[PDB]
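Take a look at this single chain, the form solved without this ligand, given in structure tokens.
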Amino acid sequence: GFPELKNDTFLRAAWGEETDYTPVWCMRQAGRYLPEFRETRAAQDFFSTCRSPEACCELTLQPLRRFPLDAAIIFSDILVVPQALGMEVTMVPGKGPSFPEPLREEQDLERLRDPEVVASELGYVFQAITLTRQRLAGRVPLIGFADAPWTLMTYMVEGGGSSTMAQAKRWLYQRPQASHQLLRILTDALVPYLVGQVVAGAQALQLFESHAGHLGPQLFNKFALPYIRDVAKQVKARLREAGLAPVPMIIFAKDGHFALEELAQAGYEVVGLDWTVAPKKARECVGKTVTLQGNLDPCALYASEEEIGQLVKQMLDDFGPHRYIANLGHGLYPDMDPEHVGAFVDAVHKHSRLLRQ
């Protein structure tokens, strides 16, 4: 009972269909680079301007008012799942995302909630999604998301960010059993959460495995890949059993060049790429079945609008007009110029049509 979708270019490309042009969207399009974002976010603390459906809906809609993006992604904050599981967050302006009491011992797993009750704890996210879907009025598709089990585990064990994930990786090597237990708890919480996002109106889903690069092939296949596979399988199955139409799913493993081949067979329609992987090589690695979501170096946007058009043109030529969704190689940075984000969007649209005509 939602408005009928008008522009579905993003969904068609996601399923691997040919389109009149290449659809484009930016990770963190609703981000600090936009002045209006900081103002709206300054209403209250992080987990308050997030817990308000109208607030999250507004943040989601903001970039679309500036740029003709081909998709919207629900605005939401990282640590919502770990939080819903029972962990306390202390979001400060300096550090950012943080758990004052991280999981360090196996016994620490006992304070976590049964993953089966997480969905009911995240009802505010579902409300924001429905509201955003209603307010979008079918302009473009709405993407729901969550972080992958391993990446969520790194936040829970590290307590925040890290350049090595040494504490989390120590868990993998020293506490393999406890690690698998935690990764399973995280998977059982993500499935109902992601399913709930689709039920609330999400028309696509992206799983962010942001800290994939810290693991090598072996650890990744052992602790990250199995759960990345389980999420897609279980989400699709539950959607079908509920009478709903599965949505296209995207797996993004930042710095996961070494896993591109496994990921193309992990049950996801789209495989997101970071900017370090050359488009053509990525095409080789993934094959010819899956859709590639595509990697401009976010920092490339620091260059002039003219230089951006040329870098975008070259990026499009490498990817080819088939099975491709333009995007950056990572989220937008806080100090980037909104005008340059517009140039990126306009360049993808202009050149993708030329690459066809």
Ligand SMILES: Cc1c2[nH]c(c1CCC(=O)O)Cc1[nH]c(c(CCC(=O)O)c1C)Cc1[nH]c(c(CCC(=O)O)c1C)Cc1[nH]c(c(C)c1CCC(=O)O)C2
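When you see a residue number, it is the position in the sequence shown, counting from 1.
From this point on, the text means the form solved in complex with this ligand, which you will not see here.
Heavy atoms within 4.5 Å of this ligand in the deposited bound form are found in one stretch of 27-35, 285-293, 316-324, 298-306, which is 27-35. This ligand is not shown here, but in the deposited bound form it comes within 4.5 Å of a heavy atom of residue 46.
Put simply, residue 330 is close to this ligand in the deposited bound form: some heavy atom of it is within 4.5 Å. Proximity of residue 78 to this ligand in the deposited bound form: non-hydrogen atoms within 4.5 Å are present. The shortest heavy atom separation between residue 275 and this ligand in the deposited bound form exceeds 4.5 Å. Among 208, 258, 124, 223, the residue placing a heavy atom within 4.5 Å of this ligand in the deposited bound form is 208. Exactly one listed residue, out of 74, 250, 263, 168, brings a non-hydrogen atom to within 4.5 Å of this ligand in the deposited bound form: 74. Site residues 97, 145 and 155 are all in contact with this ligand in the deposited bound form, judged by any heavy atom within 4.5 Å. In the deposited bound form, this ligand lies beyond 4.5 angstroms of every heavy atom of every residue of 160-197.
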